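Note that each Cβ is placed from the backbone with ideal geometry, even for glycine, and that neighbours are counted across all protein chains shown. Read the figures in this text as sums done on the coordinates, not as results from a lab.
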Amino acid sequence: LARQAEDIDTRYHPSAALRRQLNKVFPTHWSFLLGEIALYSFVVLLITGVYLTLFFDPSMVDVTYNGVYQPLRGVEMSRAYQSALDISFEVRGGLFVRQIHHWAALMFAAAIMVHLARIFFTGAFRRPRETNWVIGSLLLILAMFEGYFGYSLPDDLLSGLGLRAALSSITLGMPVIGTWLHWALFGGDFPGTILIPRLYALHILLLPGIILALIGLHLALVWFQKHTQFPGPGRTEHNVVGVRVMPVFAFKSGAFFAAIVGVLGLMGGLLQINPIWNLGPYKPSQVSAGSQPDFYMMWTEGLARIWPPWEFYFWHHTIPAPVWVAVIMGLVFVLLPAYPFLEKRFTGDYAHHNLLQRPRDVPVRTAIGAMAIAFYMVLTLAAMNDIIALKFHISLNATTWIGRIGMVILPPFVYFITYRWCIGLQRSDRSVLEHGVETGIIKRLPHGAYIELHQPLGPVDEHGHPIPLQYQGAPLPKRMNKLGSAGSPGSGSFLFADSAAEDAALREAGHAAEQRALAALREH
Amino acid sequence: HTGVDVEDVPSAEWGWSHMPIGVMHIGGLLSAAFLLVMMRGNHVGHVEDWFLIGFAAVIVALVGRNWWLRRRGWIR
Amino acid sequence: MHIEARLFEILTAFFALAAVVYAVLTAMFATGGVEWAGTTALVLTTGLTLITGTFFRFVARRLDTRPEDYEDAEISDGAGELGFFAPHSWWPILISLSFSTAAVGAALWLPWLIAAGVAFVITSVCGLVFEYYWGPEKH
Amino acid sequence: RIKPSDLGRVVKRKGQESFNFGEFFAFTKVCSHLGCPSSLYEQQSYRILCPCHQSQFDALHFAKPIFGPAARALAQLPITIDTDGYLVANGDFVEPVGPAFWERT
Amino acid sequence: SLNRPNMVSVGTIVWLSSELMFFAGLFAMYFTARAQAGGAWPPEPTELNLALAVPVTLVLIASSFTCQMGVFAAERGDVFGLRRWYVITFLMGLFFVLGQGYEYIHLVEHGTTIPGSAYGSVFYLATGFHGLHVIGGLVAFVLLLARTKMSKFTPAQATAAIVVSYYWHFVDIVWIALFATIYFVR
Amino acid sequence: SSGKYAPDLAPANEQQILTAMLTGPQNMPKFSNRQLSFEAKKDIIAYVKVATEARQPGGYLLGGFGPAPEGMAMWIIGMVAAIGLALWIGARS
Ligand SMILES: CC(C)=CCC/C(C)=C/CC/C(C)=C\CC/C(C)=C/CC/C(C)=C/CC/C(C)=C/CC/C(C)=C/CC/C(C)=C/CC/C(C)=C/CC1=C(C)C(=O)c2ccccc2C1=O
Ligand SMILES: CC(C)=CCC/C(C)=C\CC/C(C)=C/CC/C(C)=C/CC/C(C)=C/CC/C(C)=C\CC/C(C)=C\CC/C(C)=C\CC/C(C)=C\CC1=C(C)C(=O)c2ccccc2C1=O
Ligand code: HEM
Ligand code: FES
């Protein structure tokens, strides 16, 4: 309406910051949506957690069930386990909501890891954006621990076993502080009466607030330090080529948000995750062959499984073996946010960067990243020792030793192969730059020679052979059909053709449009 | 960059393309040492010790071959 | 295409004669009558050679001599443009890996792994087939 | 309860020779690595296995660890019978139970 | 140069011969264990429903003619008649598959299973592989239709249409043989 | 450990479960009738027969194990669909 907008102007008068934000340009590359995936997962997590807080009681006081789930009637449980059973079986929609919540947590973790991979392999962490790299690393650690505290609130057998082992028994063994930290955290010995309410507070208020603040600072830095882009035709270290916010970018972002919510709803309805009733309440005397925390904590479990038992005994003291696991965990947590500074010190490159690198052009860093992913994958597979040995008929001792030896011999092999593979991709690019695109067509040349009929991308000499071009950090076409070569079928719908006049008109319009687009981007 | 040739790595002026060779040599030696130490406090059984010594010897042989050939001029 | 069809027809003649002779000589003189396994195998071996030789005859009877079918032919006769021959492609190894996943899932009875392998096979075969027909991204 | 057929393959740790009442031994159930219940008892192998990180203990060799990330043996309890014929404990553990820490076992 | 005999055609024909040998193996399996079952060799809890097996056979025979109409349309280079006839053939093949599956359900409900007897074993192993071949043919139809949608129509596209056509014809002839052997001869 | 495994309990009937826990087959401890009464055994039999044949109220059982199949399903379904949607919506070069 005109009156409302006129009054908003006469009262707050933005009208220039509004225009400035409406004309902000964003690049359109498929890999720049991986952070949006994590953002939308976090929004869904917020909504579903706010729902879940209206039904949960985080107490450890014991009760008898006497509920609807008959196979558990008469069993002594805690109040948290009974609250989770009530959410699952007596609130209309509660099982659906908590399954959506757990699936959203898993998608959150996976999206964060894929986004970290993109940033690392493209080099978007260099000089201007090192602080944003550090902020993202802190966000990753916080998300790990938030999910860990999350799936431990329904105090059932498997989560209680994971709690006991990891938290209690690794904190208790630390060299000097150790038991002091354990007792400050648990209020005493392991099964107390304050752990579940303390974790509930930490999980619904503290860590979510810190994560929200850090996400705000992260997105503000991304908004005000403009986005990076890949090298291309009209792209420069001084501009941003893409689309403006107002009509297109907001539309695409909202559509992607809706699609991600749809996927999460589908898989929270159709797939069962964490059926706590098949378990029981946690009890210190019972155990099962079940193990393996959520997949983002599996590498610590696998490290604890495959580390050798090296202990130290000196004067009335003891250093157990899980201290090694704690040390390696802290060493990873330290080395992750320090990589930009370590790399700039090693390479001696202190310049400003706005253009991205292709992973094939940085072979050493690509091989480092592949080695790290191989190490992570070995540790993650070592966590499912028993499941692997049961389903794929292998011995348990064999799986343990296989993990123990792979952890040391596989990453350098992956490094070597990744290095050679990147150099091979570079040589393929150079061949395509020197000759033309290979078309696949063979001739016979009446004196009996076979030729291949290349297709040049630039000017040719007087002898017909194309003139070689220079590499410019952009991808090169390898298939003839990806260039407009044999396309544009009939212009019907699927079963009945249109008229030939309409077909010809649409063809000419599209050709003119694409030609003017490429001209407008190449000439300026 | 510290330096490789564009005849070895075409895109040598677009990104990090060289890691010193002493790093890889001592890394192989340290991996062999770790594999050897990994049989301290041998729990019952010796079939895995054969795999350990096999892989350690293979790594040492690879490192020694590379070092020898680089020293005598058949590499670089 | 005369010699190829003639080869397959010679094979067909021998296989048919052997099939009928074995079938009769087992109908009589054998322990439990017809053998029912080698008979079927020989019959459909004859069928194989018959199908191939028939196709070759039918394409040959409606064809004119090619330069490779013709002695006294010159190399200048075959000058021209041959078909399309695929350069580099990475889809075969993905198809092989998908089939191997399905085969391991069939060896160790794991229906979820069989289903995953079949989905991977479909996807990689589609990738192979559409490789030289995808158009430019329409933006 | 061990079969009377073997009862000669036991190794009987240095200070715990009289801790068993014939064929009854009664070790602890808390694992010495990270405190999980060591429940998987293989009776014809005479082996104890924990399903958390897959340590193995030899029930015939004072529950000494033979595989996995564990490094110390399981604590053994002294047992006997009373004048009424019920199984009772003949004292306390001679060492702390469970995971280790800076002070001792 | 142009070596007039088509190459994809030859390759497809020879692979179809190989598949014939595969079905030879299956037929030998079936014909053995029938000479062993004495008297009423199809056991008593087994009764074949001829009120369901003849309609689906007719539907497959009609699929053959619709596919031949599709390749006729293909040889004169218009894509839309091809698409129409091939969609019709896909629908008829889906009908055949659903009829076979329903007959399987009804046959397992009160009788034959794979671990039940030898007749059930040979029957299911002989007909289910043919069903899998039909499903493969359907997937091929879908892929070819998508490829005709995604670019300009050429003689290579026409060749793809023709080779899919006689793969379908091979499948139909194999079904004719299996049906005549199992339901009528017995 | 070292080969041996414990089987699935689905294809066993009630008498088979009873005799199994009465006799204690290889590597399985033998549960005497004096340490585990007949009524307790019958309760255990009822519990296992319910736990093996009841329908899951939350969707497709992903194998009955914990979050290893769940992480596998995550990476193979949810992330693949999300990345395919990103490839469709965004551009590439
Ligand atoms: C790239 C990055 C790791 C470089 C870091 C640089 C380095 C210097 C930092 C120091 C860190 C230290 C020194 C070593 C790191 C190793 C480890 C201990 C790190 C802990 C956490 C770490 C940061 C997580 C990184 C892992 C990585 C970045 C994930 C990206 C994976 C890729 C790129 C996704 C592509 C799409 C995908 C392949 C689709 C197909 C699905 C496949 C099978 C996914 C594989 C897969 C995965 C990834 C699972 O996590 C998983 C978990 C549970 C069950 C199964 C799976 C599973 O199959
Ligand atoms: C680091 C980590 C990841 C490593 C691993 C650690 C571990 C393993 C993981 C975590 C595990 C656990 C143990 C961690 C525990 C963390 C714990 C729960 C942290 C919780 C956070 C903390 C304790 C909360 C307390 C701190 C907090 C509450 C204080 C901040 C105060 C707040 C945020 C400010 C609110 C007020 C705000 C809205 C207004 C700002 C003031 C404005 C800008 C100026 C005021 C102002 C204005 C604006 C005028 O316009 C004006 C006009 C005319 C006259 C006057 C004024 C005027 O005064
Ligand atoms: C931000 C990252 C978050 C992660 C990674 C996460 C993760 C999890 C997970 C995996 C569970 C176990 C689900 C299950 O029962 O199977 C859980 C439980 C729970 N979450 Fe979250 N969550 C997050 C945020 C939140 C927020 C913001 C709230 C509240 C505002 C919340 C409230 C709850 C509650 C009350 C439970 C216990 C209810 C139940 O287990 O059924 N969560 N969380
Ligand atoms: S807790 Fe028993 S092995 Fe780690």
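Here is a yes/no grid of residues against (1) part of a loop (DSSP other than H, G, I, E, B); (2) within 16 Å of ligand 1 (Cβ to nearest atom); (3) surrounded by fewer than 13 Cβ atoms within 10 Å (Cβ to Cβ):
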site	(1), (2), (3)
F:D8	yes, no, yes
F:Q26	yes, no, yes
F:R34	yes, no, yes
F:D43	no, no, yes
F:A46	no, no, yes
F:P57	yes, no, yes
F:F65	yes, yes, no
F:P69	no, yes, no
F:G84	no, yes, yes
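Set side by side, the residues A:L219, A:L207, A:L270 differ, and just one is within 22 Å of the chain's Cα centre (by Cα), exposed (fewer than 15 other Cβ atoms within 10 Å of the Cβ) and more than 16 Å from ligand 1 (Cβ to nearest atom), which is A:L219.
Within segment F:10-24, being surrounded by fewer than 14 Cβ atoms within 10 Å (Cβ to Cβ) and either out of contact with any helix residue (DSSP H, G or I) (no Cβ under 8 Å at 6 or more places or on another chain) or part of a helix (DSSP H, G or I) (or both) holds for F:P11, F:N13, F:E14, F:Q15, F:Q16, F:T19, F:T23. One residue stands out in segment B:1-17 among those that are charged (D, E, K, R) and more than 9 Å from chain A (Cβ to nearest Cβ): the one that is surrounded by the fewest Cβ atoms within 10 Å (Cβ to Cβ), namely B:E7.
Checking the condition surrounded by fewer than 21 Cβ atoms within 10 Å (Cβ to Cβ), part of a helix (DSSP H, G or I) and within 13 Å of ligand 3 (Cβ to nearest atom), which residue from A:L140, A:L158 passes? So that I can check it myself, show each step before the final result.
Values: A:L158 fails: surrounded by fewer than 21 Cβ atoms within 10 Å (Cβ to Cβ).
Result of the check over A:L140, A:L158: A:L140.
Got a sec? Which of A:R358, A:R345 is of a type in the set (K, R), away from ligand 1 (no atom under 13 Å from the Cβ), within 14 Å of chain B (Cβ to nearest Cβ) and closer than 23 Å to A:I423 by Cβ? Before the answer, list the steps.
On the way: A:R345 fails: closer than 23 Å to A:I423 by Cβ.
It is A:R358.
Inspect all residues belonging to segment A:191-214 and state whether any of them is free of Cβ contacts under 8 Å to residues at least 40 places away in the same chain and within 14 Å of chain D (Cβ to nearest Cβ). Checked segment A:191-214: no residue is free of Cβ contacts under 8 Å to residues at least 40 places away in the same chain and within 14 Å of chain D (Cβ to nearest Cβ).
Considering every residue within segment C:30-46, establish whether at least one is under 19 Å from E:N3 (Cα atoms) and among the hydrophobic types (A, V, I, L, M, F, W, C). Break it down stepwise before answering.
Here is the first cut: in segment C:30-46, the residues under 19 Å from E:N3 (Cα atoms) are none.
No: zero hits.
Exactly one residue out of A:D86, A:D156 is touching a strand residue (DSSP E or B) at 6+ places or on another chain (Cβ under 9 Å) and either without any contact (Cβ under 8 Å) to a residue 12 or more places away in the chain or of a type in the set (D, E) (or both): that is A:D156. Candidates in segment C:31-40 are the residues that are part of a helix (DSSP H, G or I) and crowded, with 17+ Cβ neighbours inside 10 Å; of these, the one that is farthest from the other protein chains (Cβ to nearest Cβ) is C:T39. The lone criterion from (1) within 14 Å of chain D (Cβ to nearest Cβ); (2) within 13 Å of ligand 2 (Cβ to nearest atom); (3) in contact with a helix residue (DSSP H, G or I) (Cβ under 6 Å, 6 or more places away or on another chain) left unmet by A:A166 is number (3). Per the conditions (1) more than 12 Å from chain A (Cβ to nearest Cβ); (2) in a loop (DSSP other than H, G, I, E, B), the sole criterion not satisfied by D:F57 is (2).
Between residues in segment F:70-93 that are facing chain A (nearest Cβ under 7 Å) and residues that are polar (S, T, N, Q) and not in a helix (DSSP H, G or I), which pairs lie under 7 Å by C-beta distance while being six or more apart or on different chains? Pairs found: F:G90/A:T28; F:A91/A:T28. Annotation: of all residues in segment D:42-54 being within 15 Å of D:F25 (Cα to Cα) and within 14 Å of ligand 4 (Cβ to nearest atom), the one that is farthest from the other protein chains (Cβ to nearest Cβ) is D:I48. When restricted to residues that are surrounded by 15 or more Cβ atoms within 10 Å (Cβ to Cβ) and among the β-branched types (V, I, T), segment A:54-82 contains 1.
Entry remark, segment C:83-127: residues being out of contact with any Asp or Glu (no Cβ under 9 Å at 6 or more places or on another chain) and not in a helix (DSSP H, G or I) number 6 in total.
Among residues of segment A:273-284 that are free of Cβ contacts under 8 Å to residues at least 12 places away in the same chain, those with a Cβ under 9 angstrom from a residue that is aliphatic (A, V, I, L, M) and away from ligand 4 (no atom under 16 Å from the Cβ), sequence gap 6+ or separate chain, pair up as A:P275/F:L61; A:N278/F:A51.
Restricting to segment A:167-185, and then to whatever is assigned to a helix (DSSP H, G or I) and surrounded by fewer than 20 Cβ atoms within 10 Å (Cβ to Cβ), can you tell me which residue is nearest to ligand 3 (Cβ to nearest atom)?
A:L167
The residue that is nearest to ligand 1 (Cβ to nearest atom), among those in segment A:162-184 that are over 31 Å from the mean Cα position of the chain (by Cα) and aliphatic (A, V, I, L, M), is A:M174. Going by the structure shown, is B:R72 surrounded by fewer than 11 Cβ atoms within 10 Å (Cβ to Cβ) and more than 8 Å from chain A (Cβ to nearest Cβ)? Yes; evaluated as a whole, the condition is true for this residue. Pick out the one residue from A:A321, A:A304, A:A326 that is buried (at least 16 other Cβ atoms within 10 Å of the Cβ) and more than 10 Å from every other protein chain (Cβ to nearest Cβ). Answer to the check: A:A326.
Looking at E:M21, E:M29, E:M7, which is the one that is in contact with a strand residue (DSSP E or B) (Cβ under 8 Å, 6 or more places away or on another chain) and aliphatic (A, V, I, L, M)? Before the answer, list the steps.
On the way: E:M21 fails: in contact with a strand residue (DSSP E or B) (Cβ under 8 Å, 6 or more places away or on another chain); E:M29 fails: in contact with a strand residue (DSSP E or B) (Cβ under 8 Å, 6 or more places away or on another chain).
Being in contact with a strand residue (DSSP E or B) (Cβ under 8 Å, 6 or more places away or on another chain) and aliphatic (A, V, I, L, M) holds for just one of E:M21, E:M29, E:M7, which is E:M7.
For A:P411, the conditions (1) surrounded by 20 or more Cβ atoms within 10 Å (Cβ to Cβ); (2) under 30 Å from F:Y5 (Cβ atoms); (3) more than 9 Å from every other protein chain (Cβ to nearest Cβ) are fulfilled apart from (2).
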